[PDB]
Amino acid sequence: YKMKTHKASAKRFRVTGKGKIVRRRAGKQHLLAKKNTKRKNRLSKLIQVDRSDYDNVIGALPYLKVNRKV
Amino acid sequence: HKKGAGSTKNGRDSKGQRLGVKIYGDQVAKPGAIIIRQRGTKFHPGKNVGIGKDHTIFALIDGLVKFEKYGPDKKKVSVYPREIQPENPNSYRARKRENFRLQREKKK
Amino acid sequence: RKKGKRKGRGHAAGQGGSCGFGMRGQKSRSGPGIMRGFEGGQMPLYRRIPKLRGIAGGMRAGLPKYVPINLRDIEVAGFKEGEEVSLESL
Amino acid sequence: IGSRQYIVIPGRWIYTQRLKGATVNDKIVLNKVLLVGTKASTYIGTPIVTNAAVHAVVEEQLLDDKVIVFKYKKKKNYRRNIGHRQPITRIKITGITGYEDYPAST
RNA sequence: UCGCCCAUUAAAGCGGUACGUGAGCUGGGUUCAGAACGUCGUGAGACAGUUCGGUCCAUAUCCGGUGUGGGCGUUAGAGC
RNA sequence: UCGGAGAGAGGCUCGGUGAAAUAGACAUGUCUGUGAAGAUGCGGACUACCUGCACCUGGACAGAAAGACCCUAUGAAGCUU
RNA sequence: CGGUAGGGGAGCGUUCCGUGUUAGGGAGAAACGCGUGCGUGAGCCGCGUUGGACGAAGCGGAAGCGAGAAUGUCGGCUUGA
RNA sequence: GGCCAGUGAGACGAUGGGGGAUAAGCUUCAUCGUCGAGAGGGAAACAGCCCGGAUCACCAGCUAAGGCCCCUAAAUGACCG
RNA sequence: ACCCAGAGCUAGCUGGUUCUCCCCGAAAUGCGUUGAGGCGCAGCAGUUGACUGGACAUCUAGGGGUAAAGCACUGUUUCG
RNA sequence: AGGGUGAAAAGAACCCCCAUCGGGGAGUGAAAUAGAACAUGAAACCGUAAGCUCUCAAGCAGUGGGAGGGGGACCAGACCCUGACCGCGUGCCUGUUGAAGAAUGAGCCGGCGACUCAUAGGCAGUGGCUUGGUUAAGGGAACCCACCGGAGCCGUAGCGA
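Thresholds applied
- Residues numbered from 1 in each chain as written, not as in the entry; some residues may be left out.
- Chains lettered and ligands numbered in written order.
- Part of a larger assembly, values for the part shown.
- Heavy atoms only, no water.
- Helix = DSSP H or I, 4+ residues; strand = E, 2+ residues; numbered from the N terminus.
- Rg over C-alpha atoms; globule rule 2.2 N^0.38 Å.
- Areas by Shrake-Rupley, 256 points an atom, 1.4 Å probe, with all protein chains shown as cover.
- Buried < 20%, exposed > 50% of the residue type's maximum accessible area, 1.4 Å probe, protein only.
- Contact = heavy atoms within 4.5 Å.
- Pairing = 2+ DSSP bridges.

Structure determination for this entry is recorded as cryo-EM, at 3.6 Å resolution.

Labelled according to the PDB entry, chain C appears under the name 50S ribosomal protein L15, chloroplastic, originating from Spinacia oleracea.

The PDB entry lists chain A under the name 50S ribosomal protein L35, chloroplastic, with Spinacia oleracea given as the organism.

Here's what the structure looks like:
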């Protein structure tokens, strides 16, 4: 019956105003002392999910309002 | 007849790190484009050209790359912008892209 | 009205005898497929990425207040002495 | 006729490829007569004798009996059956116009 | 199997044929369950280590074979 | 050794009754060659009238039981610490 | 314009429903078996015999809708004889 | 870039090598051919070699690879070894 | 033990999956995987939109340390 | 597991074979090429009759060529049945790098016998509205159905935990 949302995944993929899926980067929870100032700044920020993995993410949670660019 | 096979003590490596010349001699570059990932200074830094923490050699300005001769048995890399770059509609490329465009427009 | 694919009724109709599923294996068999998002035992994306700051224990997402209109959007719905442009009239 | 030779004698009919442009009852002359024969027969040096032109009449342009073309390959579920009726034409030969050239026969 | 030995003998050849032949035979050996010895195993159990005990089917369609008929053929038909 | 003779019950023939497992289709030779590397069916040769009945089992990788060995399945079940 | 997996386009039939208590039909329907018609094909179309009452098109609709393989399954009948 | 597949056992040959015994119709990589999924002709038969890419009809013609004593298409052709 | 029920248990495994014509047409690789005869993503099909120009051919410019060659370096080696 | 003579039992008086069974005439009936094993009566399988044709052959049984013979109460260089002898031609399926395979499956013939339905999500095609669109339950001389029901949903503002 009416699709349950994959609320394990949902909590890692937000969608932006224009409609792109966005995630947080992996790496910077602990063992921070040994990494640079530089790379922690790139690991702070959000970027798109790669076009490859859209299929799995959209497929998991089907109430997103997500526009693959068309 | 069925004897035991002796194990090796080998079988380790690292997957090739992908060093070498990314932007070749007499070729386009950018402000910030990595020209060479070299492990030591095989090539040396010339004019218009940064040299990084890893002896990575990158261009500061536009222009084409140049691999000069350093003096006693070494190599340099400098970058030079180019003055005027002419295009003639006479040529084959120009003829054919306009022909193609005109076909595209003609059809639709 | 398209007329669909009654599937597996001769090799001329096309999608016949195995019915466009190739040759054995997990996706061929009857029944449910897999988990969706499953990466094959490799760690799935949806479980190897951290989870979006606020949504990670409490903090209700910023659900919008106020029902925003704009001055640009009002002008199209014209009235001279616009008698109280409010929740009623709009 | 249709890149295809025929011995042809008068008061007698032949089957050929469907002649494109030809009517049902409509007489025609065939100008590719590579040989003629009688008591004293007459070969040809070049092609066509010279001014010899055979005189005939079209009868009908019905199709041939069905030939069944059948593509088949072993074990690949590749049975493909397809008929083909080649269109032909029936023509009736009225007379040979005389040769008046190169008399052979010894 | 191979091998050694006794008595011989012209001589006691060596191989292929699914190490010929189990819808031809045998079942002593080796691949089931029982039981024991040595050993390995904390234990259940284990060991081309050893020992005793342990159900071997079949009416021949075809080819193929050994026999044996019948038909027909051999130019008119027969017996020698 | 090293077989031989004979008696019964079959086998064989006649009359009566009358099954079976098996079976893609079977107009179903030998040799050597070939090929999924071991062919009545493919190539070259050779041999061979058509068809019963009695006997014999070398082949049809003959029949019988989706190998019980071996290994696989993130199979099952017993038993041990 | 070769084509396995495989994708896309265009069709044929099957029973039932709307049109339709249509015409066609005990001067012979459904069926069943034969055709020196047709189509690229699935199939179509006319025939007079057997048959003894149902029921075409066309335009549309819906599915228990197409079989040679499942050591499938039910029934019939062989082979061995 | 959207929608929606199969594949993820490969095989042989040429070359460059490794492993092996510079044994294997062995194995593993790199570059290319064919098979796989490709009929036809040459190779007696002969996936993988050579030629050549099958829309369909013709009782027409020219040729590739390869051949011209007979089985079996074409010279029991030529001149020099 | 059997019988009935949960129960059409599940089976990344094997078998099977039915009418016709036309168009295009693969892969048997890399990466990860309690994974290796499974699956994911890439690679290679179809289909449908958008962006432009390439493709095959010839000719220049670039950095290469391989076949070759060599003994100045690193080893190895025979004779004086 | 095992339904269907006929409208009506009118279910066969009598005669013949004859101990029975059953059969042939008769009689009934529209029909008994409806006789109780009875209505339509396919295939496998079993025969009987006619046309051609095999006993020096070798063959996945066809196919191209076709000798000789036979036709159909309808005058054809047309058509059909047989087929002397020649050339070609490694059953189908599954499934494989590769199967004529001596790998798997089927004795044969007929039936039954497999991507469906409900609800949601994405996408495409088509249509309606675009004063934005749409109603859910629920109400309807029931069910469909005019006609109501605007409760909700989707679109109209993002950014940030």
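This is not the end of the story, as more comes after the structure.
Draft legend 1. Inspection of the overall build of chain C at higher detail. Looking only at helices and strands, chain C has one helix and zero strands in total. Taken over C-alpha atoms, the radius of gyration comes to 28 Å for chain C, far larger than the 12 Å a tight globule of 90 residues would show. Expressed along its principal axes, the backbone C-alpha trace of chain C runs to roughly 75 × 45 × 20 Å. Summing over all exposed atoms, chain C offers an accessible surface of approximately 8,900 Å²; the carbon and sulfur share of this is 53%.

Draft legend 2. Examining the overall build of chain A more closely. Looking only at helices and strands, chain A features two helices and three strands. Compactness check: chain A gives a C-alpha radius of gyration of 15 Å against a globular reference of 11 Å for 70 residues, more than 25% above the reference. Taken along its principal axes, the extent of the C-alpha atoms in chain A is 50 × 25 × 20 Å. Counting every position in chain A, which comprises 70 residues, the buried fraction comes to 24%.

Draft legend 3. Local environment of the side chain of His44 of chain B. With respect to the helices, strands and loops of the structure, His44 of chain B is situated in strand β3 (residues 43–45). Those residues in contact with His44 of chain B that lie beyond four places of it in its chain are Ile57, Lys74, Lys75, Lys76 and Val77 of chain B.

Draft legend 4. How the structure looks around the pairing of strand β4 (residues 67–73) of chain D. Residues and elements named next belong to chain D. Pairing analysis gives seven bridges linking β4 to strand β5 (residues 78–84), with the strands arranged antiparallel. Looking across to β5, one finds that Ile68 is bridged to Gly83. Here β4 folds back onto β5 in antiparallel fashion, the turn holding four residues, of which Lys75 has a positive phi close to 80°.

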